[PDB]
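Visitor: The structure is given below, and queries will be raised subsequently.
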Amino acid sequence: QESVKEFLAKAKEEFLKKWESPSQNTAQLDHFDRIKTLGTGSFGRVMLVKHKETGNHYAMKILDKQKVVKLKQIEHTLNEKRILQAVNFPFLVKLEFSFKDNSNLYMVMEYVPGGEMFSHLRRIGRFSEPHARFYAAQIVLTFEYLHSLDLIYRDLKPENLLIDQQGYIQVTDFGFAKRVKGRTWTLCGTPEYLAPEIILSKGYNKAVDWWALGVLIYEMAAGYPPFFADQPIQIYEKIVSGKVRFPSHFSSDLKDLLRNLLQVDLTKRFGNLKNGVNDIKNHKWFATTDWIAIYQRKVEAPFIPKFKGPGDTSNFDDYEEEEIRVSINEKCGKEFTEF
Ligand SMILES: O=C(c1cncnc1)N1CC[C@H](c2nc3ccccc3o2)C1
Numbered sequence: 013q014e015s016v017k018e019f020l021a022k023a024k025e026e027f028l029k030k031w032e033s034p035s036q037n038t039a040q041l042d043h044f045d046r047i048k049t050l051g052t053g054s055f056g057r058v059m060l061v062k063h064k065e066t067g068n069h070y071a072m073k074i075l076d077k078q079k080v081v082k083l084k085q086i087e088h089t090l091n092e093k094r095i096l097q098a099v100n101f102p103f104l105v106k107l108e109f110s111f112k113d114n115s116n117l118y119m120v121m122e123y124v125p126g127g128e129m130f131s132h133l134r135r136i137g138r139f140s141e142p143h144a145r146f147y148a149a150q151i152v153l154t155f156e157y158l159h160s161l162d163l164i165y166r167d168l169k170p171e172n173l174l175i176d177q178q179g180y181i182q183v184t185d186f187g188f189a190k191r192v193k194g195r196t197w198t199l200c201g202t203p204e205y206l207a208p209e210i211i212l213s214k215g216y217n218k219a220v221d222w223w224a225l226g227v228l229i230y231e232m233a234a235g236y237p238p239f240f241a242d243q244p245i246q247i248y249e250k251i252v253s254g255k256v257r258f259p260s261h262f263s264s265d266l267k268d269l270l271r272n273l274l275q276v277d278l279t280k281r282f283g284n285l286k287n288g289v290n291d292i293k294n295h296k297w298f299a300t301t302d303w304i305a306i307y308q309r310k311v312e313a314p315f316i317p318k319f320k321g322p323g324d325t326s327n328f329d330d331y332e333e334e335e336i337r338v339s340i341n342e343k344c345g346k347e348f349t350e351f
């Protein structure tokens, strides 16, 4: 309908204005108190912090510039911040501040206290089809938005989907997201979710995000992913074969949608045909979904996470607490000039 077309046209206008003139240097480290490490990886970490003047809580992602360079992530970290400061959608975590110093890059996001979807999935075992479908509809709308801005997300998995105070999803981690007209070539993403054309080192497009939504819906409704194996090479052989086995408890409508999203031939995959996202939105598995009501946040969620207030960390796990050290000398200034 024209209403959807005009919504996506305005979304692209507003994105391009911020894309062409990015904000920079909007806070500094000593405006915040450090509370707790919420997650740690090979070149960065995420910390709960409190702003000292307002008392508001935020999630601060800290990237070590020297490790970014060594792990070949310069372009990816510049993509992440430039895209996050330009997007606006109900199911995307909001960037509030960004800045850099002699040692680190910082992105200060809204803090979502209910934790990762992955923790709730593993606690309950699997989600019922109605519960899986409520989350899946939020991902379909978010990919419709991102793809219309020529963005590919490239890191869909349950650890990157946080559950908010109303039980809705907020997508975090734009470290692999990129603006792409046509094809792109980088090998990136988590093994269990990679589409075959990425594993085969082909030039690929937004169809890899719709493959990864098939893997996500399978894992939500089964409790484990479709292509599981002990080592990555074994996973990759299963993926490129595309042989999938479905639990008997899956509905016939869920199996049919999954066979069309987990289609090895990218030119036959739902989301990448002439009708685009509408082949997914109009599939029988989504017949009960009110797409406008989901966007408007008017549907009652399947569950609300248990937490005590905006500073509660009980839905995230425990990590060794390390210093946030800042060198007396500037590192890698040229590489990160635009940040
Ligand atoms: O704490 C938040 C959170 C994020 N955004 C808003 N609210 C909360 N985590 C913690 C776990 C997750 C996470 N992602 C990471 C990426 C790189 C390195 C470490 C990471 O740990 C998101």
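At position 228 of the sequence shown the residue is numbered 240 (full-length UniProt numbering), and the sequence of numbers has no breaks. Idealized CB from N, CA, C, for every residue including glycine.
#1: For residue 278 versus residue 272, is the C-beta distance shorter than 8 Å?
#2: Quick one: Cα of residue 72 to Cα of residue 60, how far?
#3: Just the residues with CB closer than 6 Å to a heavy atom of ligand 2, in chain order, which are they?
#4: Is it the case that the segment 119-128 contacts the segment 321-332, given that we only count it when at least three CB pairs across the two stretches are under 8 Å?
#5: Determine whether the beta carbon atoms of residue 162 and residue 192 lie at a separation below 8 Å.
#6: Have a look at 142, 281, 342 and flag the residue whose alpha-carbon is nearest the alpha-carbon of residue 233.
#7: Residues in the same chain with beta-carbon distance under 6 Å from residue 148, minus the five sequence neighbours each way, listed in chain order, please.
#8: Within 8 Å, do at least three Cβ pairs link the segment 96-111 to the segment 176-189?
#9: Counting pairs of beta carbons, one from the segment 256-270 and one from the segment 292-310, are three or more of them closer than 8 Å?
#10: Whose C-alpha, out of 146, 114, 323, is nearest the C-alpha of residue 310?
#11: Going by DSSP in three states, residue 348 sits in which element: helix, strand or coil?
#12: What residues are listed by DSSP as bridge partners for residue 51?
#13: For residue 341, tell me which candidate among 179, 116, 287 has the shortest Cα-Cα distance.
#14: Can the beta-carbon of residue 109 be found less than 8 Å from the beta-carbon of residue 39?
#15: On the CB-based measure, 16 or more other CB atoms within 10 Å of its CB, does residue 300 come out buried or exposed?
#16: Mind pulling the alpha helix (DSSP H) runs of 4 or more residues that sit fully within the segment 78-123?
#17: If we count the other Cβ atoms within 10 Å of its Cβ and call it buried at 16 or more, is residue 317 buried or exposed?
#18: Quick one, which of 205, 217, 242, 264 has its alpha-carbon nearest residue 252's?
#19: Have a look at residue 134 and residue 212 and give me their C-alpha separation to the nearest angstrom.
#20: Are there three or more Cβ pairs, one per stretch, closer than 8 Å when the segment 195-202 is compared with the segment 238-256?
#21: Beta strand (DSSP E) containing residue 73: first to last residue?
#22: For the beta strand (DSSP E) that residue 246 lies in, which residues bound it at each end?
#23: Can you tell me which residues form a DSSP beta bridge with residue 183?
#24: For residue 196, list the residues DSSP reports as bridge partners.
#25: Would you identify the three-state DSSP class for residue 26, choosing helix, strand or coil?
#26: Quick one: is residue 305 buried, meaning 16 or more other Cβ sit within 10 Å of its Cβ, or exposed?
#27: On the DSSP bridge assignment, give the partners of residue 206 in chain order.
#28: To which residues of the same chain is residue 48 closer than 6 Å at the C-beta, ignoring the five residues directly before and after it?
#29: Near residue 351, what residues of its chain come up, given a Cβ to Cβ distance below 8 Å and the 5 sequence neighbours on each side ignored?
#30: Is it right to say residue 223 is buried, meaning 16 or more other beta carbons lie within 10 angstroms of its own, or is it exposed?
#31: Reducing DSSP to helix, strand and coil, say where residue 63 ends up.
#32: Is the beta carbon of residue 195 sitting closer than 8 Å to the one on residue 165?
#33: Please classify residue 156 as buried or exposed, where buried requires at least 16 other C-beta atoms within 10 Å of its C-beta.
Guide: In brief:
#1: No. Outside cutoff.
#2: In this model, residue 72 and residue 60 are separated by some 6 Å (Cα to Cα).
#3: You won't find ligand 2 in this model; what it holds is ligand 1.
#4: Contact between the segment 321-332 and the segment 119-128 is present, with at least three C-beta pairs closer than 8 Å.
#5: By the CB criterion at 8 Å, residue 162 and residue 192 fall inside the cutoff.
#6: Ranking 142, 281, 342 by Cα distance to residue 233 puts 142 first.
#7: Excluding its 5 nearest sequence neighbours in each direction, residue 148 has C-beta neighbours in its own chain below 6 Å: 229, listed in chain order.
#8: Touching, yes.
#9: Flag = yes, the segment 256-270 and the segment 292-310 touch.
#10: The option with the nearest alpha carbon to residue 310 is 146.
#11: Three-state DSSP puts residue 348 in coil, outside helix and strand.
#12: Residue pairing from DSSP places residue 51 in a beta bridge opposite 58.
#13: A check of alpha carbon separations from residue 341 across 179, 116, 287 identifies 116 as the nearest.
#14: When the beta-carbon positions are compared, residue 109 and residue 39 come within less than 8 Å of each other.
#15: So residue 300 ends up on the exposed side.
#16: Counting only runs of 4 or more, we get 86-96.
#17: Its Cβ being crowded by 16 or more others within 10 Å, residue 317 is buried.
#18: Of the candidates 205, 217, 242, 264, the one whose C-alpha sits nearest the C-alpha of residue 252 is 205.
#19: Using only the alpha carbons, I get a separation of about 31 Å.
#20: Judged by Cβ distances under 8 Å, the segment 195-202 makes no contact with the segment 238-256, as fewer than three pairs qualify.
#21: First-last of the beta strand (DSSP E) with residue 73: 69-76.
#22: The continuous stretches of beta strand (DSSP E) do not include residue 246, which lies in the alpha helix (DSSP H) extending over residues 244-253.
#23: The partner list for residue 183 (beta bridge, DSSP) reads 104, 173.
#24: Beta-bridge annotation (DSSP): residue 196 is paired with 216.
#25: In this structure, DSSP gives residue 26 a helical state, which the three-state scheme calls helix.
#26: In the assembly as shown, residue 305 is an exposed residue. Its beta-carbon has fewer than 16 other beta-carbons within 10 Å.
#27: Beta-bridge partners assigned by DSSP to residue 206: none are found.
#28: The beta carbon of residue 48 is closer than 6 Å to those of 60, 325 in its chain, skipping five residues each way along the sequence.
#29: The residues are 36, 89, 90, 93, 110, 112, 117.
#30: Answer is buried; the Cβ neighbour count reaches 16.
#31: It is a strand residue.
#32: No, these two residues do not count as a Cβ contact at 8 Å.
#33: With 16 or more other CB atoms across the displayed protein chains lying within 10 angstroms of its CB, residue 156 is buried.
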